[PDB]
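The form deposited in one PDB entry is given below as one chain in structure tokens.
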């Protein structure tokens, strides 16, 4: 059938590139009624960042993905952490040794640096060590690595499902280290052994790996295994076209979550990076994505990750895809994180409704609608100016307001409209300064809905401090 996987490396924050690739693997597996695996590639102890693994697993679930086999969901071919499979790689590295497909190299890091300076890259000198002496020197505990014994001279063909066949000259393929002197494997060894053992048949990873692929094709041969299909995706980029990175862009998924980006939108956005719906539609669900997926509709150029369009899409979701109630729920954490409180669910909901079209991130709601939840709100210089200029007519309106019994948006509007008429003045000349008195701002939702919201007492109690 079809078995795909995402093989994150726990070395930092949950990378957006990781989500991007995981999405295409998830779609392809489901579209074929296959399996989607998660394998944690923690083989480099120097770059290992404790706490990374949980964070990446949480981020994929947050985005809406699900996996069938993995670290925390079990599976027939585990463990799903390479660090727990160490003995396994040893066994296969030694098997290559016997098949004559690899050799032991004893050079120190320093000698290798020197060889690289003279000949540029390892020259395979350890191949000239009699196999018996190599084995003997190993039993003595002498530190060493196992390298892939590339067939020289020759040519190695890689088949990319998206670009056709690409020919590599074995002279372009180094005798890569398979097993490190600390007994840990290199990405190359672990990847093939594990992809094979876990049944993967469709390898989808970014294009940065295409040139390493020939090494993998040769490993599958050395073991006498069948190679899976390869699909190399384009690399997400910084605005300056360089491979996306933390110094020039936001690459951390936990950053997007903390900024109030809806996971559904971030997901939707990531799908338009190298893929597009038949009918050009750009707002769609994860389920529609799976259903429409097709390699024929994948673009191969490296897409710039545009934060502005992401904000736009996030706002589109907030106002057209989610219900008023879903938005009101997702806003709470951000209200709490801002130290604001809401009286009740009804109040919150109405507040969110009034602001729905005025914020693109959940974090912006507490910011722009602060005056609706606390009395501790800023007053813009522009709002203060408009307040003083209209102070006189607000004083003449105050008594009319205190007299008003039906505190409804409809009633209030008819009241103020009439007040502006009799005073021979545009509603705006009385509506603008009242807005500043109530909100401390000049950019808010409709006055009547804002006036009604708090209730007669609350609204007037604030209008009074303004006239004071």
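Positions refer to the first chain, counted from 1. Take the two forms, superpose them, and find the largest set of C-alpha atoms that agree within 1.5 Å; that set is the rigid core.
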query: Stretch with the higher entry mean CA B-factor, where the candidates are 74-82 and 88-96; finding: 88-96
query: 20-28 set against 444-452, stretch whose average Cα temperature factor tops the other in the entry; finding: 444-452
query: Options 185, 280, 274, 228 - largest CA temperature factor per the record; finding: 280
query: C-alpha B-factor winner, where the candidates are 141, 333, 234, 124; finding: 141
query: CA B-factor ranking of residue 51, expressed as a third of its chain; finding: middle
query: Lowest, middle or highest third - CA B-factor, residue 195; finding: lowest
query: Record-listed C-alpha B factor of residue 35: chain third; finding: middle
query: CA B-factor ranking of residue 436, expressed as a third of its chain; finding: middle
query: Residue 299, C-alpha B-factor rank within chain (lowest, middle or highest third); finding: middle
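One more form of this protein exists, namely the form deposited in another entry; it is left out here, but the text below deals with it.
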{"property": "Core-superposed comparison between this form and the one not shown - Cα displaced by 2 angstroms or more, from 41, 413, 53, 69", "result": "413"}
{"property": "After fitting the core, residue 294 CA displacement of 2 Å or more between this form and the one not shown", "result": "no"}
{"property": "Shift of residue 126 between this form and the one not shown at or above 2 Å (CA, core fit)", "result": "no"}
{"property": "Is_shifted residue 388 between this form and the one not shown (CA, 2 Å cut-off, rigid core)", "result": "yes"}
